[PDB]
Amino acid sequence: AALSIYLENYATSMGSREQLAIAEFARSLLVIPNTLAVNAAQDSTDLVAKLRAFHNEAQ
Amino acid sequence: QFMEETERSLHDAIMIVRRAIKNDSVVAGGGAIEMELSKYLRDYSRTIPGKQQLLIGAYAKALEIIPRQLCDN
Amino acid sequence: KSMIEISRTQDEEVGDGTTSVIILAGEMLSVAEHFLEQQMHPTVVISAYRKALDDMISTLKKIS
């Protein structure tokens with residue numbers, strides 16, 4: 001989740017088409033909490049939204 | 001045909017200036033605010049969600065489509 | 001084919017009750033599953049199947 005936070009700023013100040021490529025690479029990062037909660041028989045979209053909600057800065 | 005576009009050139013200045021008088025509270029045009037508001041509200045998608053980053057992210061996804069279309073038209 | 005294999009399991013340990021092990025296993029997955037796999041929680045029903053086992057064990061000591 002934090003790598004997705006680490007890359008959206010890295011997308012934002014990049015410039016051109018590469019910005020959208022950094023962001024969709026961060027969309028591939030989100031599947032790892034997603035496959036676990038389904039395997040743990042829980043909600044994936046809830047749990048990953050909990051993760052990013054715990055934050056001060058991206059570390 | 002030059003005067004057809006010239007009339008609608010003048011008509012745009014009539015529409016925007018009458019609108020500028022009735023509301024002094026004026027921002028920039030061209031969807032310039034929306035791209036900021038796209039990134040502004042995805043920060044709330046970073047901030048708030050229990051599940052709401054799917055919605056506010058989609059909300060902020062649709063905001064940049066207007067200057068996207070204004071580039072695409 | 002796996003129903004034969006768990007019947008081979010009961011046969012090699014006992015040989016009896018192999019008729020009966022396949023009877024009980026049907027309605028476990030017949031009754032619970034479609035109500036809950038439309039809700040899709042596989043792991044919870046596994047742990048529910050865990051706690052169905054040991055409660056039966058203590059109840060065996062109650063009745064025997």
# chains A, B, ... in the order shown; residues from 1 in each chain; ligands from 1
>>> closest_atom_pairs(of="chain C", to="chain A", cutoff="8 Å", atoms="only C-alpha atoms", output="JSON lines")
{"residue": "C:40", "atom": "CA", "partner": "A:41", "partner_atom": "CA", "distance": 7.1}
{"residue": "C:41", "atom": "CA", "partner": "A:41", "partner_atom": "CA", "distance": 4.5}
{"residue": "C:42", "atom": "CA", "partner": "A:41", "partner_atom": "CA", "distance": 6.0}
{"residue": "C:43", "atom": "CA", "partner": "A:41", "partner_atom": "CA", "distance": 5.5}
{"residue": "C:44", "atom": "CA", "partner": "A:41", "partner_atom": "CA", "distance": 6.8}
>>> write_last_selection(atoms="C-alpha atoms", output="mmCIF file, in the first residue's frame")
data_model
loop_
_atom_site.group_PDB
_atom_site.id
_atom_site.type_symbol
_atom_site.label_atom_id
_atom_site.label_comp_id
_atom_site.auth_asym_id
_atom_site.auth_seq_id
_atom_site.Cartn_x
_atom_site.Cartn_y
_atom_site.Cartn_z
ATOM 1 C CA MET C 40 -17.853 -16.770 -0.414
ATOM 2 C CA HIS C 41 -15.990 -17.471 2.838
ATOM 3 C CA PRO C 42 -14.112 -20.769 2.473
ATOM 4 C CA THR C 43 -11.749 -20.398 5.430
ATOM 5 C CA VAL C 44 -14.491 -19.732 7.995
#
>>> residues_around(residues="stretch 24-34 of chain B", least_positions_apart="3", cutoff="7 Å", atoms="only C-alpha atoms", output="PyMOL selection string")
chain B and resi 20-21+37-38+63-64+66-67
>>> residues_around(residues="residue A:57", least_positions_apart="6", cutoff="10 Å", atoms="only C-alpha atoms", output="ChimeraX atom specification")
/A:2,5-6
>>> write_last_selection(atoms="N, CA and C atoms", output="PDB file, in the first residue's frame")
ATOM      1  N   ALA A   2       1.968   1.230   0.743  1.00  0.00           N
ATOM      2  CA  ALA A   2       2.814   2.410   0.849  1.00  0.00           C
ATOM      3  C   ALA A   2       3.661   2.611  -0.400  1.00  0.00           C
ATOM      4  N   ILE A   5       1.623   4.488  -2.460  1.00  0.00           N
ATOM      5  CA  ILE A   5       1.741   5.884  -2.050  1.00  0.00           C
ATOM      6  C   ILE A   5       3.096   6.444  -2.469  1.00  0.00           C
ATOM      7  N   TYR A   6       4.133   5.603  -2.469  1.00  0.00           N
ATOM      8  CA  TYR A   6       5.476   6.049  -2.823  1.00  0.00           C
ATOM      9  C   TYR A   6       5.590   6.338  -4.316  1.00  0.00           C
TER      10      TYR A   6
END
>>> residues_around(residues="residue B:41", least_positions_apart="2", cutoff="8 Å", atoms="only C-alpha atoms", output="list in words")
residues 37, 38, 39, 43, 44, 45, 56, 57 and 60 of chain B
>>> write_last_selection(atoms="N, CA, C and O atoms", output="mmCIF file, in the first residue's frame")
data_model
loop_
_atom_site.group_PDB
_atom_site.id
_atom_site.type_symbol
_atom_site.label_atom_id
_atom_site.label_comp_id
_atom_site.auth_asym_id
_atom_site.auth_seq_id
_atom_site.Cartn_x
_atom_site.Cartn_y
_atom_site.Cartn_z
ATOM 1 N N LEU B 37 -8.039 19.157 -8.303
ATOM 2 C CA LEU B 37 -9.064 18.485 -7.510
ATOM 3 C C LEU B 37 -9.052 16.979 -7.704
ATOM 4 O O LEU B 37 -9.509 16.244 -6.823
ATOM 5 N N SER B 38 -8.578 16.507 -8.855
ATOM 6 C CA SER B 38 -8.369 15.078 -9.035
ATOM 7 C C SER B 38 -7.320 14.568 -8.056
ATOM 8 O O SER B 38 -7.552 13.606 -7.320
ATOM 9 N N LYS B 39 -6.173 15.238 -8.005
ATOM 10 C CA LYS B 39 -5.112 14.828 -7.097
ATOM 11 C C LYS B 39 -5.453 15.173 -5.652
ATOM 12 O O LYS B 39 -5.045 14.463 -4.725
ATOM 13 N N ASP B 43 -5.859 12.243 -2.527
ATOM 14 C CA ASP B 43 -5.214 12.330 -1.228
ATOM 15 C C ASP B 43 -6.193 11.981 -0.120
ATOM 16 O O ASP B 43 -5.803 11.410 0.902
ATOM 17 N N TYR B 44 -7.471 12.311 -0.309
ATOM 18 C CA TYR B 44 -8.491 11.826 0.609
ATOM 19 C C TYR B 44 -8.726 10.337 0.423
ATOM 20 O O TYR B 44 -9.045 9.629 1.384
ATOM 21 N N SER B 45 -8.569 9.841 -0.811
ATOM 22 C CA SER B 45 -8.590 8.400 -1.033
ATOM 23 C C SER B 45 -7.415 7.725 -0.341
ATOM 24 O O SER B 45 -7.523 6.573 0.089
ATOM 25 N N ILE B 56 -14.036 7.615 -4.205
ATOM 26 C CA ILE B 56 -13.463 8.951 -4.330
ATOM 27 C C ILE B 56 -12.360 8.952 -5.381
ATOM 28 O O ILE B 56 -12.170 9.937 -6.105
ATOM 29 N N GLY B 57 -11.642 7.834 -5.503
ATOM 30 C CA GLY B 57 -10.719 7.671 -6.610
ATOM 31 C C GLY B 57 -11.409 7.657 -7.958
ATOM 32 O O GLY B 57 -10.917 8.263 -8.913
ATOM 33 N N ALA B 60 -12.496 11.156 -8.475
ATOM 34 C CA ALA B 60 -11.387 11.975 -8.942
ATOM 35 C C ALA B 60 -10.897 11.519 -10.310
ATOM 36 O O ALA B 60 -10.207 12.268 -11.010
#
>>> residues_around(residues="residue A:51", least_positions_apart="3", cutoff="10 Å", atoms="only C-alpha atoms", output="list in words")
residues 1, 2, 33, 46, 47, 48, 54 and 55 of chain A; 46, 47, 49 and 50 of chain B
>>> atom_distance(atom1="atom CA of residue C:19", atom2="atom CA of residue C:47")
25.9 Å
